[PDB]
Amino acid sequence: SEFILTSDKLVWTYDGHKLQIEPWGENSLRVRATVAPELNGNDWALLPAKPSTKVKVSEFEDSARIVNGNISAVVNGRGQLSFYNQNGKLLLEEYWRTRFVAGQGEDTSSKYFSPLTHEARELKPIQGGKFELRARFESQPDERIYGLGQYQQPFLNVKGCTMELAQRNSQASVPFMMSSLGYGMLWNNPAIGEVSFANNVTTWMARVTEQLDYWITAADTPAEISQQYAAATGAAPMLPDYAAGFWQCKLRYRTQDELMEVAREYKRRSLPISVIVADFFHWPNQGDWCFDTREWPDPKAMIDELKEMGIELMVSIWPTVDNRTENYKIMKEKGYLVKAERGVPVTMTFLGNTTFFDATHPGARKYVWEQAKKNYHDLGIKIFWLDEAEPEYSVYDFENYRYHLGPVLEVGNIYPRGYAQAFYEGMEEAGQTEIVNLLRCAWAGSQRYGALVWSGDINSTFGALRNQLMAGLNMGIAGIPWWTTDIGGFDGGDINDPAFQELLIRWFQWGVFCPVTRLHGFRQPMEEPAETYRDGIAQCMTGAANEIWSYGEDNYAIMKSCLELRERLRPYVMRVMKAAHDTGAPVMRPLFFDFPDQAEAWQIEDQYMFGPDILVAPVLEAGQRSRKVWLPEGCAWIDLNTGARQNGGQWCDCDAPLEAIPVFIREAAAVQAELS
Amino acid sequence: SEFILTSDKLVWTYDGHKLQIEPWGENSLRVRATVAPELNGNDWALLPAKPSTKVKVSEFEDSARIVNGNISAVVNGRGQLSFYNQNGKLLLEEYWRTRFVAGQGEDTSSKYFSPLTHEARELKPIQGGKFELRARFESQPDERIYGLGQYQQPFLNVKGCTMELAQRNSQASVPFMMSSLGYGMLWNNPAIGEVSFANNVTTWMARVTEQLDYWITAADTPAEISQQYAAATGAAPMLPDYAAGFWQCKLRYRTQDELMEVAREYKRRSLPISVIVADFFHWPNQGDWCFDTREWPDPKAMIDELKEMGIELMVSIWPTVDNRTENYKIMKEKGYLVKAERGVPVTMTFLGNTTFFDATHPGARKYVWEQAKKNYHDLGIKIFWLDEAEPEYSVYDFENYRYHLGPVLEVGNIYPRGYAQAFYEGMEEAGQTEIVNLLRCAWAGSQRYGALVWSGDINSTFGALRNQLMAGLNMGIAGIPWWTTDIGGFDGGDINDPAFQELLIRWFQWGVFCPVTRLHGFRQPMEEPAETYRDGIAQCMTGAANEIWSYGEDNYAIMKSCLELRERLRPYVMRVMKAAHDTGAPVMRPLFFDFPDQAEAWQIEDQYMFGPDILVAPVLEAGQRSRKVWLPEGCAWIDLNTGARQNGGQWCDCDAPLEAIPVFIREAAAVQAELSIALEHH
Amino acid sequence: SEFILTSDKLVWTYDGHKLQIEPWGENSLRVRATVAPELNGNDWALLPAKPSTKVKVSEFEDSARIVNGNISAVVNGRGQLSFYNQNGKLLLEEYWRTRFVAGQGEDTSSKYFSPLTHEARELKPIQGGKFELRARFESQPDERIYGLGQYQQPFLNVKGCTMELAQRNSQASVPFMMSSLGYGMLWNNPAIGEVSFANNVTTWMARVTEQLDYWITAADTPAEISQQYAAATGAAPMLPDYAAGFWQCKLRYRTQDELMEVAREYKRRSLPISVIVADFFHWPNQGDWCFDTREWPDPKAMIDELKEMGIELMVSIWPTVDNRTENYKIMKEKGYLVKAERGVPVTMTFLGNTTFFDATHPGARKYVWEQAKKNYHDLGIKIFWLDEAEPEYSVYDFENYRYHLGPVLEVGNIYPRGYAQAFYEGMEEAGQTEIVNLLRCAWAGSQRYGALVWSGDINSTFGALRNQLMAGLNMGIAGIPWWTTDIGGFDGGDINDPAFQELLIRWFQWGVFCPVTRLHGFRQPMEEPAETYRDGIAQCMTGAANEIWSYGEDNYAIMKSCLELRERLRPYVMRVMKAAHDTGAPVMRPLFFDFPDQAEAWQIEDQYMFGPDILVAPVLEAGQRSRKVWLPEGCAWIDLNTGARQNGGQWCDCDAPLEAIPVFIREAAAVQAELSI
Ligand SMILES: O[C@@H]1[C@@H](O)[C@@H](O)OC[C@H]1O
């Protein structure tokens, strides 16, 4: 057992195991461990640290200690690590269960003494290869845990839950967590694996990796934790103005004329509309990244008319490359495609045999961007819908695929970050500022590449709506402030079904108080293409209409008023977006973000704060016409729908007619005057 | 160390390793070993053995011995095994290199003493799984080794060569070997692996297996070894008479009219023709197994007219099932398809995303047969072209596929046998006798299912032709008497190119003296289909013409006379085919099969015997117009082309003009009279 | 398909596959290939290249070419590679069997066209990991192949043979090959694997690796190839004088008194003796690396007396560290030990549970050297016996062990080079020149660390003797000029058995004309130790006596004249050793090394050249009293035993009584003058 101590770095070593702890921004430490000869150069999501002035490394008895502001790490003579805040309170301690460790007998008076033989930092060698990593920490009975990204589950507090560290359609692993004990932690490792916050032990796992790497931060409030995390992995940029308006989309406007007729109908009725969207398979083949002129005769003319109307066009980008295309040939020559380890060299079979471009290859990123630049960006398109961002393998056999940066088991989760980066860096180099692209997935730090994330191809049910509320809140905690959904859900909504129409209204009303308000879906009754194939290429179907006038007049009036409300909200949304850029605060936040001293704020999972001044209580059940709403203590609250004043620190039974959900405004906040 | 002996079985055991040796037919032993609790019930290619009456099991000193006729196995107290014949000559010896084995020190006076620590029977456990098997035997300085199946290499004798135990297009692993030391050995294990007959050590390897299993046989002559092997794995059936005639094929007759135009034109020129062939993609989609009526409007009328003409139709069967078909849906419901272990559930991407039917699944065999029965056999088609029989994965990642009988790594090589079995059993059940189907691949015992094997999609060169001669002869030694090639090779022959025309003629001349005489290929210039797609299904191209009149008048005359010569040979062919059925002897044989006592017979690799009465000496180089020919001792030889008589036991410098290759007939054999060999005085 | 060409580098790429060919010494090229983003920085055995005189890179048609003196590489538009010499003759061509390659249909007129789908450079991805590599080349009909290291097999020409690329007791993978077609090739990759020189195809295989890496060289003669190889991987140093004399050893002299009594007896009988050896388990425990004072009370006094007698002491070093020792604790603290991937953390169980020191770890190398320096070298010991150099795992499950530089499957074969390096660098740093240590194993480049390799614990038979001849010759071709055996073999020789005694004499006679003349073995009847354990530590047995007088008076007379003959040869041996250092030529050479233009020189495997002036024809069978000997053309030959002159270019029946083997001297060679004076 040997310490190697300098003024700003703690290293411990035994039997080739190196544990290295150092400052990494104010109130924060980076922890690394390896049994290779040295640590490698992989920083993954962590940006260069602003130097800490206050770091102090000490030695006492058989231990060593490193303090950086409000966090300290203690490593004992057996190489066992625990973390404390500035008040000396335990934040986090490693989980050891051994009789012998670091060449020494374990202390029989400690819960660490056990014949079971579990190490806190298990680097298990893979034969012929690298390491299978498990990092174990003690559970705590009072610990509540948030963040981790976007999971399709009805839990805000994820203590007791196990989350797969993998990317699938409707899931995003963004592995930053925030604990109610007063710390946050980033698992700075893109390997396929799992995080289990089980009641008996916390275990982080990486299937294949070179080394342990995490970042831990301490502060007295969630807001400071979020700020410290944003300094570690990058700030969201400033949201462009147009992104705060209404985004109109469906699966799918099949022709230029169809899309333009919708936009013209919005303008004919003087309705708000900021963005309109051309969904997938508007292209001749996958990997062409251009409009098919048979259905889109004059894209420039579409964009120019939309510009006259004050509307931005967003276009679908698929990362797939069909093997019959010219771009497949050239990308294959250059080595810019993902590779199958075994079997046919095909990663997806949706409407063609396609291979994904490799978003971890800097050359492939540039290539795909420059195709999109030439065919779309040069025409005046400045928003891209970066769909299939996981990427969506037809079969999620992660072991069977390899990227430029290594096997998908080792590096796979960073794909969506690279995909967003390709477009953000490309658009920035082309002279665009305030970039936003619609990404289906993300990793740690995706926020710095302007990633507006949505929750994918979920079903159209109230159960799904409930999951989306939890997922969006946890995404904000994981540092992804720009987040949204398909209003009404993606799959299964019949436009003539009264039950779906009720869900649509409830989801729309919530969508007004989401970071982006976006109508999209694949509505029934669907329509098969007239021709199944054209030039041997399978043709893509469409769903039914999905405009605010498509569901009758009663529903039209409700959604029209929703759009008018969203327009009145825009200055407040831009203020909250600037705050997200400035301070790393989410836009939609759990109650504890703004009221961390109040017990109820850490319990309630069906209410949230839309910025600091608006309390939102969505209706999450069919047929519900009232619900209980807890009003936080410390201010009075103004009912958005009645103008009535209510004192903080009480439960209210609130009216929730089909035409409105309960929403309260912080008294005397600037947004109060803006909304009436 | 412990022997468990009975009157007809030797078992040795130490530390869970069981070695079991027992008689398995006359002059033959089966050898099995495992570290599992017991031996499993897998017999693979071995048929039940006829009881051997005089089997003798003894123990002496610390050793044990089992004798069965001309072969004996000796196992010493360290479990080390060697084989001897009735004259006490060493046939085959296990390779051990250890200082400590079976709980005992190794003998320092033996070549077995070595710190290296190699076992002869290495069952290396796969973590969480079964075993990786290596069976090591000592090499022997003057051992020459034949058989093993069909490999694309210019070596008849494969001592010093390493052969992959896997099935790929143009390769067939049929793992029966015959040694010049006077034994034969079947590796009775369908696992993916390798056999290396290296000069320093012989190693058989199986990637995944439950147990070691081989069959070994001893006799004084090759013919006896071949007979004993056919008794162990099954006799070839009797060939139907039409199969000895001329088979006309190309890639591809696209329509009923095109095929019938060729058939009628053969009859109009009074040319011999016994089989005509409809190649692949005559169907609406892969897995439909029926004629596409747009190109083939009345299959019944086609078959009836061909029958009036004395011609059998053969049709292409592909084992692929495209995922848009009705049979895919049903076969998926029932579990009748091969499965990918990882990635997209697609085993081949040629003209569609297809999955192979599982030829190791009894239910799937029956399902595919009954489709072919309903759509082809009930109409009067008696011959099936079982193509892609390996099967031809787009990528040969054997580790990524699984069959009914287990992972491809453990059982993969038996697929072509099951594919043959599916059609043979079905046609037999339907009342057909004398069955022959054209298979691209085979395993040990494929011969019993009427498998006429051909050597696949080789290129059209003299290099290829040389490889095919070696491959065809080794297939015969491996117990596959019915074997042929694409005359001219498959890929790359332009019909207007003199260099290819030269090759076509030499290959055709050789083809006359192959077990089946079959013209096929994908000739240039190729023609793309008019429509690349139809109903979203990719359409299949065709090559150029490939009939005997398609290469100019001078070449037409040579091929015409080749066909006429083949017809005169038919009675002899049918006698030699009967001998293959009765004795297990190959049809095309190396010289050592008929003349085992003569040294030149074990050295010469560019001559062979076509039955016992015809010596063939093919021309295997462009521009060559004469070659040396060794005539075997013990008889006189009649030159087929001149009529001259030559004494056995000499090298002759033979004329070999474009119009004929050197062929010699055994004097006074019945075939001499049948060939009508004159000698005019001008 | 894309070429990236500069003045001295050819790169070809398709689908992330990068093939890079460049000069690496005169008449030589280095070939690397990877599917990773870039080539790594691993040079393994290749030393920095001297920049070449006339390197030319050019593109023509759809191909590219790189010429460096007498070798050239051609890469076509399908990425397929072949090598030619200055006369345009094909040396080596890649084996491809595909219908489609590098995005293009294959040529149907070529032997490369095949549906089998075998690539010449197969970098097969291991799931979650690196690559399984197969490099395939066409076999050639008259190609004869030599080198590869030390294998226990009766084949000099290894065409048709398959060799394991792994290190085991009695085997050494030193993967430089020399072909009769006029090239040599180093497989510059330490991975566990295999080389298959099959008649139908040549296949090199690595179980786990990051990239393809080989070095290829061309010259008109074997001598130039050997020289070019030595420039690439390092010259053998100059051998010290004492190493050419007689090395006396057995398993084992158990005490200081017992060793010294043998040394004194050799001097008392006026017999030559240059080195005497303390074998294993002279230490308190494995990993102590010091004399046990209970059996060795005054080591400094022993060394001083041997110095007075003109004798160097060599001591056994074992790379094992027993888990009860002080050094185990410290080396485990520092991470200087080899690791088991699974199961009990024990690599060997011989007389204790031990773990090997990690010879690929620079710190571990330094640690072990400094233990040996403090306890042996500082006392005046100048030669170490680096035994168990593979290292000798109790079970050779290479997948189950890991070194500093990675899994044993990826890097394992370089261990013995590291082991030699540890002592050579330390001894050189300590002020010693002309270093020689006795290594049981080697890899490519081991020669530069003064590695005298011996063929390990082989059995005592005539079969073994035949194998050793072949192995030693092939080790020389592989660039290991300092090579020897246990005279008599290691295991199974009973000193009272007349059959063994005959083998011993024939082996000794051959031993006179080996690069080093060294007597060693574990002779029967063996003797168990007095007590099985002392202080819980299992005690090591000894074999019977193994001195030249231990086998009766008639045998003593023969071995006595062998030693005297060896002393007369020492000036010649030292000249041949200097030539090895200057030119990379081996000491014991096959006939084709000195007579490459003669057909018989490439066929004969039971004769060899001991330097350029002595033709040796050992007796390799029991009871043989005469044998056939081919005399090379171009000079006359003097029979060493009779003095009779013989013209070159003929076969002779030579008398081979028990008292001599047929040896011939090149007429008028300086060694003829030295032997007759
Ligand atoms: O939202 C959908 C997206 O997730 C994918 O399936 O492509 C079509 C879109 O409508």
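Note that ligands are numbered from 1 as they come in the structure, with each ligand's atoms numbered from 1 the same way. Chain identifiers are assigned alphabetically (A, B, ...) following the order of the sequence lines, protein sequences preceding nucleic acid strands; residue numbering begins at 1 within each chain. Atoms considered below: every heavy atom in the structure, side chains included; atoms not considered: hydrogens, waters and symmetry mates.
Remark: A/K329 pairs with A/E333 by the salt bridge (charged side-chain N to carboxylate O under 4.0 Å, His left out) rule, at least two apart or across chains. The side-chain hydrogen bond (donor to acceptor under 3.5 Å, both in side chains) search around A/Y608 returns A/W510, not counting sequence neighbours. Take A/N353 and apply the side-chain hydrogen bond (donor to acceptor under 3.5 Å, both in side chains) test, not counting sequence neighbours, and it matches B/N353.
Cation-pi check for A/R269 over A/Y556 is met; the charged atom lies under 6.0 angstrom from the ring centroid and within 45 degrees of its normal.
In this structure, ligand 1 sits under 4.0 Å from heavy atoms belonging to A/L251, A/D279, A/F280, A/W318, A/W385, A/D387, A/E388, A/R440, A/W454, A/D457, A/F490, A/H520.
Residues A/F176 and A/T233 have side chains not in contact (no heavy-atom distance under 4.5 Å, counting atoms from C-beta outward).
Inspection of the A/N467 and A/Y151 side chains reveals no N or O donor paired with an N or O acceptor under 3.5 Å.
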